[PDB]
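Let me begin by presenting the structure, written as structure tokens, before commenting on it.
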Amino acid sequence: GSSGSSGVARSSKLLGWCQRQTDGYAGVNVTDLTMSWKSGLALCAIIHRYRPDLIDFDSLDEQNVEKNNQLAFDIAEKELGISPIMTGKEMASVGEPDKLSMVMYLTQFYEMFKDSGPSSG
Numbered sequence: 294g295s296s297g298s299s300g301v302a303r304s305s306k307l308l309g310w311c312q313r314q315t316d317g318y319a320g321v322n323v324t325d326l327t328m329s330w331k332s333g334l335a336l337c338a339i340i341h342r343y344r345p346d347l348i349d350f351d352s353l354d355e356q357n358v359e360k361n362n363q364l365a366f367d368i369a370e371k372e373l374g375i376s377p378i379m380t381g382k383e384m385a386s387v388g389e390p391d392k393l394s395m396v397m398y399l400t401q402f403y404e405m406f407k408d409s410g411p412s413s414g
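Here it is in structure tokens:
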């Protein structure tokens, strides 16, 4: 979309943020807010990005889909407090999440890392 395009769902405000934050990881390459996350790596790359202690991506394996999720869903609420909307197994089995639910949920993270302390990393 070149300068001029009117309001369009594509490239949602939330997405962008993740596209910039997740930037750097491997395999993540956030392309959508449904499947790209289903894997779990993405979500994990979010918590680690700021707090690598809480969640360890390096350890996590791109093979584990239910784990990557089950973990975040726990770690997040554990420290962050963002209650999980669905279990890892329910997110690893489902064919595809719900745009809305996904965005709404993800937001929680952003709203928390939207204006994080100025202390550069």
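As numbered in our numbering, the sequence shown has no gaps in its residue numbers, which increase by one up to the final residue, 414. Using N, Cα and C, we set each Cβ at its ideal position, and we do this for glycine too.
Member of the options whose CA lies at the smallest distance from the CA of residue i
| i | options | result |
| --- | --- | --- |
| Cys311 | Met395, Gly381, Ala385, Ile378 | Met395 |
| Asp367 | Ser386, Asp391, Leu336, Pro390 | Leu336 |
| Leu353 | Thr400, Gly333, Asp316, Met384 | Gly333 |
| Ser304 | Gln401, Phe402, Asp408, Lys392 | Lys392 |
| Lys407 | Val358, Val387, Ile340 | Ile340 |
| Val358 | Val387, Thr315, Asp316 | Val387 |
| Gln314 | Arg342, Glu404, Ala385 | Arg342 |
| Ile375 | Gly294, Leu326, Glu404 | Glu404 |
| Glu389 | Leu326, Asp316, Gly294 | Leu326 |
First and last residue of the uninterrupted alpha helix (DSSP H) at residue i
| i | result |
| --- | --- |
| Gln356 | Segment: none, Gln356 is in no alpha helix (DSSP H) and carries neither H nor E. |
| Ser386 | 381 to 386 |
| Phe402 | 392 to 406 |
| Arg342 | 334 to 343 |
| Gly309 | 306 to 314 |
| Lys331 | 328 to 331 |
Cα-Cα separation, residue i to residue j
| i | j | result |
| --- | --- | --- |
| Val301 | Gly410 | 31 Å |
| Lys360 | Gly297 | 42 Å |
| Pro345 | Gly414 | 11 Å |
| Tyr318 | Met379 | 24 Å |
| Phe402 | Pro377 | 11 Å |
| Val321 | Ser329 | 7 Å |
| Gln356 | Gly381 | 14 Å |
| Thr324 | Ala338 | 14 Å |
| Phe350 | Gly294 | 33 Å |
Assumed close pair residue i, residue j - CB separation to whole angstroms, cut-off 8 Å
| i | j | result |
| --- | --- | --- |
| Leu364 | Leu307 | Their Cβ separation, rounded to whole angstroms, is 21 Å, which puts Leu364 and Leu307 out of contact at 8 Å. |
| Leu347 | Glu370 | About 11 Å separates the two Cβ atoms, so there is no contact after all. |
| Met397 | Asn362 | Their Cβ separation, rounded to whole angstroms, is 17 Å, which puts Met397 and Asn362 out of contact at 8 Å. |
Residue i: CB within 6 Å of a non-hydrogen atom of the ligand FMN
| i | result |
| --- | --- |
| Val358 | This structure simply doesn't include the ligand FMN, nor any ligand for that matter. |
Burial state of residue i (16 or more Cβ within 10 Å)
| i | result |
| --- | --- |
| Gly309 | exposed |
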